[PDB]
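The structure tokens that follow cover one protein chain in two forms, given apart as structure 1 and structure 2.
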Structure 1
């Protein structure tokens, strides 16, 4: 039931990425291999078939797509979606300017840019609490209080690295 994932009319914001569990099924993966539809198709495990899985959906910026690999400096890796060090399967990205961007600006896609400490692999931070770099409760418009969640702002006219990319991460156990 993979088409129910790639081709889902809407995608999650990275910070609130979705995990869809797939078990008791058989897949060819041929539906994937052959396709210039995919800008990034990088596996971190193998390239065969066994007919047996987790599918993680979300949207990031072209330039962010690199952060969805083991290792990687961060911000999207650091605070949003972290892949594990060794352990892995595949990662699929693709350009969605025509769907997820407008000539006016599209700001529905959120990401988190502030947090006390990075995430653990596959951890998920859904909270939206005002932030101060030394703990302590916060009440904006105050100085040094900020909202940890930022809006992406995807426009047709931007460069490729600033265009929205629907990403799907496949995980194997």
Structure 2
């Protein structure tokens, strides 16, 4: 049996970037044909690993992460990047080895009236670490102390993406899949 990539990329529902979800893909040999030549993907960059050679790999231990972001935020799904997405929602290690995939989902994730189901975090004390995930929704104060609304200087940290079918491509929704490759040599004990 081959690795079930279709259930990741072709899944019906995708999550908000702040609540990005991770699928382990192992105990399978991967047929990368479906990603290599397609008309499906608008963005496809690989980092650290050879973009040409992924079908050669033989001992697969990959993690697939899924989320939705706005077109201009796809730039932030890269190593060493700054911004509200990279800092507070999904951070990629400098040493990243793996691939970053995204495709326009305007016709299925945006509406003329506006789809506000997708969310991102925009306030946080301190940047996420690589592959860290934060689904907390607690009130935020710019001085770090605890906080109870409706007190002054007390804010909620999540906000909606608003996806309309009339905006430019930079504001249209994009489904993203990040494939991370475990290190090839892991020491369990001495």
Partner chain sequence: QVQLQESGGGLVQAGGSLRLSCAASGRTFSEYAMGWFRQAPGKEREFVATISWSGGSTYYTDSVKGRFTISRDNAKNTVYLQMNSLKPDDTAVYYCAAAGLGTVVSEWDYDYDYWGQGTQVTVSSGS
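Rigid core here is just the name for the largest C-alpha set that superposes within 1.5 Å across the two forms. Residue numbers count along the first chain shown, from 1.
Peer 1: Go through 1 and 2 and tell me the one that is the form deposited without the partner chain.
Peer 2: Answer 1, the form deposited without the partner chain.
Peer 1: Of 129, 126, 143, 31, only one moves its C-alpha by 2 angstroms or more between structures 1 and 2 once the rigid core is aligned, so tell me which.
Peer 2: Among the listed residues, the outlier is 143.
Peer 1: Residue 47: with the rigid core matched between structures 1 and 2, does its Cα shift 2 Å or more?
Peer 2: Where the cores coincide, residue 47 still shows a C-alpha shift between structures 1 and 2 that is 2 Å or more.
Peer 1: Rigid core superposed: how many angstrom does the CA of residue 87 shift between structures 1 and 2?
Peer 2: C-alpha displacement of residue 87 between structures 1 and 2: 2.7 Å.
Peer 1: How many Å does the Cα of residue 114 travel between structures 1 and 2 when the structures are matched on their rigid core?
Peer 2: Reported C-alpha shift between structures 1 and 2: 0.4 Å at residue 114.
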